[PDB]
Amino acid sequence: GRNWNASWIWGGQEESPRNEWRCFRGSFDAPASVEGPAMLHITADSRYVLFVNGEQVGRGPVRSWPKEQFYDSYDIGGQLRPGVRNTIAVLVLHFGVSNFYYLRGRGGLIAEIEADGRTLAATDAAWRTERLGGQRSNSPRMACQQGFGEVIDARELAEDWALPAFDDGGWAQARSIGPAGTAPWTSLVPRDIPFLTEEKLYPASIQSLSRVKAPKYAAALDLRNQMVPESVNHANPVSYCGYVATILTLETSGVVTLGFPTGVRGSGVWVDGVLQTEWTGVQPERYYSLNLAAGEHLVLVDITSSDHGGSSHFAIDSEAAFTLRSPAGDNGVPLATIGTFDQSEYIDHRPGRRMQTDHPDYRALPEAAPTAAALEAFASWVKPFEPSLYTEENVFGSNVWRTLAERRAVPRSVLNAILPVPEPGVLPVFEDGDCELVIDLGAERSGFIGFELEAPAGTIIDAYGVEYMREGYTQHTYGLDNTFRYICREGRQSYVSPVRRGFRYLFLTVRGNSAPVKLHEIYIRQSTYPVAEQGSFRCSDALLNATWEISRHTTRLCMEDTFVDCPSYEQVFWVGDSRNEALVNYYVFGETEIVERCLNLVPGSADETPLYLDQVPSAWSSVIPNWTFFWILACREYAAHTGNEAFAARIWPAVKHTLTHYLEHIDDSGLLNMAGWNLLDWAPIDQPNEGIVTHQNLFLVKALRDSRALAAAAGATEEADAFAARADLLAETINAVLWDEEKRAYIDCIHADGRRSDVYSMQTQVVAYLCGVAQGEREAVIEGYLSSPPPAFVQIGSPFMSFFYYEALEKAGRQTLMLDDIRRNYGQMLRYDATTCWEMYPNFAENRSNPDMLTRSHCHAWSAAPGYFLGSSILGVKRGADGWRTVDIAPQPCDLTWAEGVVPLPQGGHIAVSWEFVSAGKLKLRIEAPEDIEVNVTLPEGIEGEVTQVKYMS
Ligand SMILES: [Ca+2]
Ligand SMILES: [Ca+2]
């Protein structure tokens, strides 16, 4: 790190407020001249947006474990005004709630400008601070994995708060928290990757315009934090038992519709003590029709369930007037919760008490309190709803359930809204209803939504992004409030959401405006790890070219400050996914720093568990054996790719440490037996959280062996011999126990009660093949399955698993089968106009809100296999020695007539290869690479040809 001369500062009384955006301003007189570069070092909790003299300079910090809080260093020489007063402005977003990429600490900002060994500015009590005006701290929690979707009322926002000439005389002074090193940020460590990109991209088209209406009542509730207040300090799943209650009063008799955008969490809904047995809606949505008479009615919604986090939705609509009020003491929120009768926190790798649903009051309450009066007998359980966890400004619910949706032809003028032209797009004003615009980016993107417009004060601008829609069907992001609401001040204004969102289609809905709104522009500032299209692949098969294209795009969008599973739902660095994502990255982009950064973050979870977390740095203490095994694989692959022995030495201890503890989980049977999340694929694999799951037993063998490479590269090869012995013992036990003679294949698992599974999957067989556990006769048998998968076996359910399958086909020399599989499986994605690779394949019920959905996430880089295999298995480019000191060129044209591509090299430069058949059985091949790289060339079986090898200077 560095020695700081600045102090962590914050403002307000609460140390860690929920969902609060706070502004900071600091000024200083810059010297007439400065020799060296003027560096600005900064970090914040939770995230920040930096401005220097009014100009937005950057965002951060990168995700960190509070123990090693990463700080950024910017060269601000470009924004610095020599010899005069300069202004530093910062917007700090403090979550006040833990998630999958942030561990709750406390609000704070620390920044220091240094030049020529002298401190020119530093955060301290002299700085000014105030909450961002109009930012509602009760806005919806975005998702169990992320932060919050914002609601901003610009009428209360000081637009020029970041400008040098802004008058902050009335702003309170900031409060010092302490010097660098003050808890909870034990140490401040320098950002270990370059800065992310941020490029303004305009949309491709306007898909539709509609006159619409949201439900009279729509609210987003954070039931997790309301029912289990302490859950704000972690991101583990919790379960609670109880109800949501409100008194519905109708001025006159009429029909009322209860809407549940995300469904009913518990066993059901009760009205006046009567269980509503009828309802409509496409899962997970549900709507109830109530034919009520004038008067008061007690509505009780059972919410007993497991809740990982995120907003729960409740809506009501009727042609009749109605009011709502809490059965408890008035506090502003018309709802109350009853409970918490029982609860529990789930740590998937540790035993723990589970919530029960037999509490006597919970069971009797519904029917025992048909009125608010009768509810008095349960008064001790009726609690008010915490205001900050409740909001009626619900963009998601207002989009999922539209009481009116009337398509209108798109006026030419409106198109101007997505074009970089001077003429604005004038939106039509409907006499009765809102104006909904569906903006199509043309492809999935990830970044910050921005716009500029002119509108009457109070006009509501709602934004909601989705990944997929087709012919009247919109796949809503259930579980993700991918939204923001902006309320207009008078006149022209601009806004850029500081919350990252991933989506392809943006529902932009304008409400409450009396006069026409002029949309000057709507766009997205895409942001990813700095990648250039240095790698490439094209061939005679246009379908394969398209699969490569979406694989490359998917990888790009899943590369932030760390690799992430997806840009929409989570934006989380999942360890398992990163192994495949890194390999694809090597072939399509060639970046290495992001890979090492990710590999280095994993050991930081050692304090939580020696088995290591499946996603980091996170507050969800969760473990998936295979993910940790894939981390070891990724470490080996990274060390071999770069030839970075220093890294191998640094990481070896962490590798040895975790493997040592996994071995302790092998019992009498001599097999890995664990009580936890024993996952591999999203398919009907018999992989119980119970005992002996075959696939992870197989990967442990390979992990134990793969570890040697790191040990040897680290210069301590002997420290891995013990693991090598255990691998043999394990492999033998596996072949001795987990194999079925009659079926001639490995069983999925052995249950806790010792019951051997009768379920057979392609997955387990593929893994046995790749891990080298299946040898001789059994190997040949597995190879038969590879070329002809038994339809009776469980099938591969995700392109993630397809990746491992392709590695097996490569090992078996079945490249043509690999190509046909890619054509079929990725071709189906393209059929539905995919611009990125799907998380899972269609027709599998796992991991999705509705079994009819093609997939949950439409952009998961763990599914970008073609980006790696086309260049490696087909074009023919493979690493031949660590650090690519030698390269093996062995094309496998299969049924292609030509192909060409480029693979970047970690040391710089690239490997360019092109080939085409000039006549039957005869190829023309060109190879270009740096002169110091040895090239081994092998034409495919029975093929002759002309090879042109070109070497250029390093
Ligand atoms: Ca314009
Ligand atoms: Ca030459």
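Values below: every heavy atom of this structure, side chains too, minus hydrogens, waters and symmetry copies. Note that the numbering runs from 1 along the sequence shown for the chain.
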Looking only at side-chain N and O atoms, does [Y] offer a donor or acceptor that is under 3.5 Å from a partner on [X]?
X	Y	answer
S326	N331	no
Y390	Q226	no
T304	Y362	yes
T357	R363	yes
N847	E839	yes
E345	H234	yes
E150	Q135	no
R104	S16	yes
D348	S622	yes
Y495	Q493	no

Just how far is it from atom [atom1] of [X] to atom [atom2] of [Y], taken to the nearest 0.5 Å?
X	Y	atom1	atom2	result
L223	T337	CG	OG1	8.0 Å
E393	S139	CD	OG	9.0 Å
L389	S137	CG	OG	11.5 Å
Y486	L508	OH	CG	12.5 Å
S568	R500	OG	CZ	12.0 Å
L248	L290	CG	CG	7.5 Å

With a 3.5 Å distance limit and no angle check, can you tell me whether [X] reaches the backbone of [Y] through a side-chain donor-acceptor pair?
X	Y	result
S306	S239	no
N850	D852	yes
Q475	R856	yes
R354	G352	yes
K216	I316	no
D302	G268	no
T371	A374	yes
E467	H858	yes
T249	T323	no
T509	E436	no

Step through it carefully: locate the ring centre of [X], locate the ring centre of [Y], and say whether they are under 6.0 Å apart.
X	Y	result
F844	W682	no
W620	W677	yes
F322	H297	no

Residues [X] and [Y] bridged, charged N to O under 4.0 Å:
X	Y	value
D481	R141	no
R353	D342	yes
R325	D330	no
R511	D434	yes

Handout entry: Passing option when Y287 is tested against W279, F260, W401 for ring pair (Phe, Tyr, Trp, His ring centres under 6.0 Å)
Key =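 Among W279, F260, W401, the one meeting ring pair (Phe, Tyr, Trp, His ring centres under 6.0 Å) with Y287 is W401.
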Practice task
Report yes or no: is the cationic atom of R18 (NZ for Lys, CZ for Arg) under 6.0 Å from the centre of the six-membered ring of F95, at an angle within 45° of the ring normal?
Solution key: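 No cation-pi geometry.
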I want to check something: taking the side chain as every heavy atom from C-beta on, are [X] and [Y] in contact at a cut-off of under 4.5 Å?
X	Y	value
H94	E14	no
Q571	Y101	yes
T483	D462	no

Practice task
Please determine which of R489, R136, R131 meets the salt bridge (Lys or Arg N to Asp or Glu O under 4.0 Å) test together with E156.
Solution key: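 Passing option: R136.
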Practice task
Just say parallel, tilted or perpendicular for the rings of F484 and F451, cut-offs at 30° and 60°.
Solution key: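 Answer is parallel, since the angle falls under 30°.
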Practice task
Can you label the angle between the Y478 ring and the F396 ring as parallel, tilted or perpendicular, going by 30° and 60°?
Solution key: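 Ring orientation, 0 to 90° scale: perpendicular.
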Practice task
Using side chain to side chain donor-acceptor pair (under 3.5 Å) as the criterion, point out the one residue from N236, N225, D222 that pairs with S231.
Solution key: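 Among the candidates, only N225 passes.
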Practice task
State, to 0.1 Å, how close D361 and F341 come at their nearest heavy-atom pair, and which atoms those are.
Solution key: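 For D361 versus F341, the nearest heavy atoms are CB-CE2, 3.7 Å.
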Handout entry: Residue of the set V271, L258, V269, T246 for which side-chain contact (heavy atoms from CB on, under 4.5 Å) holds with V301
Key =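 Checked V271, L258, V269, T246 against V301; only one passes side-chain contact (heavy atoms from CB on, under 4.5 Å): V269.
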